[PDB]
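*Asks:* One structure, as structure tokens, below. Some questions next.
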Amino acid sequence: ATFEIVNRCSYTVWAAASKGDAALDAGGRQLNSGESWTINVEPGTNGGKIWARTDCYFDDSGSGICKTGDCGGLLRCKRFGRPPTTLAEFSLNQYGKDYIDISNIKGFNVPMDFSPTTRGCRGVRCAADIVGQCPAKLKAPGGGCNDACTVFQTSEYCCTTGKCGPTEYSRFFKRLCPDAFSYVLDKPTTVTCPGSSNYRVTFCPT
């Protein structure tokens, strides 16, 4: 499947794509304002994520630091990024279907649209100003709005026992972005697309 990743933000982002134990494609790249990066993702990929990282510094070996979404100090991510990170999540070719969603379970850093570029399903978006509205205790100094699990490390926020409910903090994410997952057991906002669809992830879509 092909994913086009577009930075419509006014600032540079460093896109990342990983399935947790491996890069997808090159695994990350700098995207200046307006730049588009097309990647290929192996059919059958399960548990892929795309995200943006902000305020990164990398040397010539691709080693450095980002203020949001840092994946162990690498330009080319192999692992998932440190919250807060708005996440585009997908599982491809799962019994003939693709499943996509946007999640705020690991917080929010950059607004995002995640849309098929082929026919037969609709996209999802979280484009509200979550950072500006972020509750004080969730605000990350680096930029971004952390989820409550990351900040407080309770069973309730992290849904560790597999039983948990919505919280004041999850409801904030949900009020601003109803189409994104706000906590682990949120009612699914997963969209089902045809197997082998193609997609575009747009940072700062509006």
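Residues 23-228, in that order, are what chain A shows, numbered as in Swiss-Prot.
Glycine residues also receive a Cβ, built from the backbone N, Cα and C atoms like all the rest.
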*Asks:* According to Swiss-Prot, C199 takes part in a disulfide bond; indicate which of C99, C143, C148 is its partner.
*Replies:* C148
*Asks:* Which of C78, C215, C226 is the other half of the disulfide bond that Swiss-Prot records for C143?
*Replies:* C215
*Asks:* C167 has a disulfide partner in Swiss-Prot; which of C156, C180 is it?
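*Replies:* Checking Swiss-Prot, the candidate bonded to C167 through a disulfide is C156.
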*Asks:* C171, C226: which one closes the disulfide with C180 in Swiss-Prot?
*Replies:* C171
*Asks:* Tell me, in order along the sequence, which disulfide-bonded residues from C78, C88, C93, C148, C171, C215 have their CA within 10 Å of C226 (disulfide bond).
*Replies:* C148
*Asks:* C143 (disulfide bond) to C199 (disulfide bond): how many Å between their Cα atoms?
*Replies:* 19
*Asks:* If you measure from the Cα of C99 (disulfide bond), which of the disulfide-bonded residues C88, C171, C215 is the nearest?
*Replies:* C88
